[PDB]
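Next up: a single chain in structure tokens, the form deposited in one PDB entry.
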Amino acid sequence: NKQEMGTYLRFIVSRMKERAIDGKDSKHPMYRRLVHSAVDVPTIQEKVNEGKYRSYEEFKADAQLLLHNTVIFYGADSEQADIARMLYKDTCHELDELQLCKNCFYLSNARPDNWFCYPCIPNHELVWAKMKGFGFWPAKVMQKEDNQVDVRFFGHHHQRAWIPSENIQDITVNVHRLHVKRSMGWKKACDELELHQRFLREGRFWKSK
């Protein structure tokens, strides 16, 4: 876990680092004056590297505190607050995604060749799903509730979307039957689906080092 925490947090901080520049920063003389506890991205990045976070909750609390200071120092209605709010949301979203499936999260960030084809445990349910404007594309189910399913599509972008349950078909349905445009992109996604299914059958699990 401690090794995993390190690499996962590094992925998140790296992503949080850029949308954090735009930049005139919380180093006014009044920063001392309005802000209780000090923190910035470099401090967080150091704490990640030195293994200072005991849990993801402690990391999240530092991200929250950074948001709180920005709000206090610039005002809740300020544009700096808007940006910092989006930063915090994005950070917490990554933590959500990590919790959803650690293996998906690692592969999605590290992106080795054919990253989306490696199996997870438990295996993700596979479906055909259509979005408004599109025909059916193959996808992995990440989670679901009664009236909708959270999927990540095969192919370009590997688009993440909520799909109404009525727009889902079992992966065992015959492709030729239902509606979709057989574009090059769609065929590429179907190839990726098949390669994923082959890796599953092979027991070809992702191996680091």
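Numbering starts at 1 and follows the sequence shown.
Below, we refer to the form solved in complex with a partner chain, which is not included among the displayed structures.
Of the candidate stretches 169-177, 155-163, 39-47, 55-63, only 155-163 contains residues with a heavy atom within 4.5 Å of the partner chain in the bound PDB entry.
Proximity of 112, 118 and 144 to the partner chain in the bound PDB entry is absent: no residue of the three has a non-hydrogen atom within 4.5 angstroms. The closest heavy atom approach of residue 73 to the partner chain in the bound PDB entry falls outside 4.5 Å. The partner chain is not shown here, but in the bound PDB entry it comes within 4.5 Å of a heavy atom of residue 131.
Contact check for residue 78: every heavy atom lies farther than 4.5 Å from the partner chain in the bound PDB entry. At the 4.5 Å threshold, heavy atoms of residue 10 stay clear of the partner chain in the bound PDB entry, well away from it.
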